[PDB]
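Experimental structure below, sequence on top.
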Amino acid sequence: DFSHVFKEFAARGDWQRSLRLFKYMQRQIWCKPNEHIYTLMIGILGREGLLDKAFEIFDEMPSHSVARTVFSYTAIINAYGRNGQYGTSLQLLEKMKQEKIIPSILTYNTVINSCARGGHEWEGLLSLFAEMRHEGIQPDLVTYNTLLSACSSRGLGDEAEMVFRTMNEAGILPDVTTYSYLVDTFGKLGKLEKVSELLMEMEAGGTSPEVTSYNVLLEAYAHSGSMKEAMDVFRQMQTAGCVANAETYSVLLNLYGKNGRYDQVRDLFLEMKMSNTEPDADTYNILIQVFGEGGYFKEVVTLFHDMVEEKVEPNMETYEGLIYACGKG
């Protein structure tokens, strides 16, 4: 009953009430707190930023005859890494290793994430991974995603290529997370052929490519300036069958608009209208502005008349573009 109350207080943010209840139960013989209650209190203190209170509660465990486990060390390492203290997490891991405490896969993943977030070199992450592998670590799906994101955070071109190839060459690849991380890594160094490769691996892996992943691929293709690759990514998103909003349609309009023909953009709008894509007022403002600069002052007026019935609240940009088209025509 005490653990459930502590979990409810942590989910509700009642750190003060939880600390008061813990301090009251510490003096009660019939309600002595166990290691689980201490870990819950430490987590509730760390979630609110009470590092000093959490450290005091962890230190008072030996005076209260409370057993210490790898869970407390992992929670401390995670709390240290959440503030960018990679050195503190490394020191805590070294102290746990010196204390004959066998680290787990979760602790190693948390240490790697803290080192990646704190700005540590890729050599340190590689050494930590080698030490974990030499200690018989257990790989996991979230652990694989974090290991793939590590080399991406490294920022090196070779590191990005290794992050992209770790899922492919090893034969074990996640559905969306690892593919998205590898695509984001390849985008920085430059994905000459990995842009379509990540989308193909995500699609033919056994699960349809997510709308978010296909939209990210289309945005990466548009950022590079490849109109053909963006059209291919849009066609792949449409063929995949995943529920996609008009974000890719707006991206295509911004790109077709760059071309200025805006015939592809017009098609994107018609495709959004037919496939019941989520209409966006920002996309309307963007498309209208591009169309207005091109001409179509009457088409802009018709679009405004249609949006009047569409019950879409306008904005500064939409009204400004409409009145600019009206003044120019």
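Noted; the coordinates are in hand. Numbering: from 1, shown residues only.

Nearest residue to the residue nearest the centre of the chain in space, ignoring adjacent ones along the chain?
With distances taken as C-alpha atoms, centre = their mean, the chain has residue 177 as the residue nearest its mean C-alpha position (8.4 Å). Nearest in space to residue 177, with sequence neighbours left out and distances taken as C-beta to C-beta, 6 or more residues apart in numbering, is residue 145 at 4.3 Å. All C-beta spots, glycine's among them, are computed from the backbone N, C-alpha and C.

dump the residue contacts of the one you found.
174, 177-178, 181 (C-beta atoms under 8 Å, 6 or more residues apart in numbering).

Any quick ChimeraX command for the buried ones out of those?
Only the buried members of the contacts of residue 145 end up in this ChimeraX selection, burial being decided by 16 or more other C-beta atoms under 10 Å:
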select :174,177,178,181
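
which one of the contacts of residue 145 is nearest residue 42?
Nearest to residue 42 among the contacts of residue 145: residue 177, at 28.5 Å, using C-beta to C-beta.

burial count for residue 1?
The burial count assigned to residue 1 is 6, neighbours taken as other C-beta atoms under 10 Å.

ok, now how distant is it from residue 289?
61 Å (C-beta to C-beta, to the nearest Å).

Same check on residue 80?
On the measure of C-beta to C-beta, residue 80 and residue 289 end up 48 Å apart.

so which helix or strand takes in residue 289?
Taking DSSP states H and E as the criterion, residue 289 maps to helix 281-294.

no, scratch that, I was asking about residue 150
In the assignment (DSSP H and E), residue 150 maps to helix 141-154.

Go through that helix and flag the buried ones.
With burial defined by 16+ other C-beta under 10 Å, the residues of helix 141-154 counted as buried are 143-154.

Can you tell me which of these lies closest to residue 224?
Relative to residue 224, the closest of the buried residues of helix 141-154 is residue 152; by C-beta to C-beta it sits at 18.0 Å.

Let me see the contact set for that closest one.
By C-beta under 8 Å, 6+ apart, residue 152 lies in contact with 159-160, 163, 181-182, 184-185.

most surrounded residue in those residues?
With neighbours taken as other C-beta under 10 Å, the top of the contacts of residue 152 is residue 182, carrying 31 neighbours.

Tell me which helix or strand the residue lying closest to that residue once chain neighbours are set aside sits in.
Nearest residue to residue 182 in three dimensions, chain neighbours excluded: residue 164, at 4.1 Å (C-beta to C-beta, 6+ apart). Following DSSP H and E, the helix or strand that holds residue 164 is helix 157-169.

moving C-terminal of that helix, what's the next helix or strand?
Defined by DSSP H and E, the subsequent element after helix 157-169 is helix 177-189.

So the nearest residue in space to residue 262 that is not next to it in sequence versus residue 205, what's the distance?
The shortest distance from residue 262 to any residue other than its chain neighbours is 5.3 Å, reached at residue 256 (C-beta to C-beta, 6+ apart). Computed with C-beta to C-beta, the distance linking residue 256 and residue 205 is 30 Å.

Between those two, which is the more surrounded one?
residue 256 (24 against 16).

And the contacts of the helix or strand containing the more buried one?
Using DSSP H and E, the secondary-structure element containing residue 256 is helix 247-259. The contact list for helix 247-259 (C-beta under 8 Å, 6+ apart) reads 211, 214-215, 218-219, 222, 227, 230-231, 233-234, 237, 262-266, 268-269, 271-272, 277, 280, 282-283, 286-287, 290.

Return the subset of these lying in helices.
Secondary-structure check on those using DSSP state H: residues within helices are 211, 214-215, 218-219, 222, 227, 230-231, 233-234, 237, 263-266, 268-269, 271-272, 282-283, 286-287, 290.

show me the contacts for residue 321.
By C-beta under 8 Å, 6+ apart, the contact set of residue 321 is 285, 288-289, 292, 300.

can you put those in CSV and add neighbour count?
Formatted as CSV, the entries for the contacts of residue 321 read as follows, by neighbours: other C-beta atoms under 10 Å:
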residue, neighbour count
285, 21
288, 24
289, 19
292, 22
300, 24
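
Show me the two of those residues that sit farthest apart.
Using C-beta to C-beta, the contacts of residue 321 span at most 11.2 Å, a distance reached by 285 and 300.

Run a quick neighbour tally on the nearest residue to residue 15 once chain neighbours are set aside.
Leaving aside its chain neighbours, residue 15 sits nearest to residue 48 (4.6 Å; criterion: C-beta to C-beta, 6+ apart). Residue 48 sits with 17 neighbouring residues when counted by other C-beta under 10 Å.

right, and residue 48 touches residue 17 too?
No: with contacts defined as C-beta atoms under 8 Å, residue 48 does not count as touching residue 17, sitting 11.9 Å away.

measure the residue nearest to residue 280 when sequence neighbours are not counted to residue 282 for me?
Closest residue in space to residue 280, ignoring its immediate chain neighbours: residue 246 at 5.3 Å, by C-beta to C-beta, 6+ apart. Applying C-beta to C-beta, one obtains 10 Å for the distance of residue 246 from residue 282.
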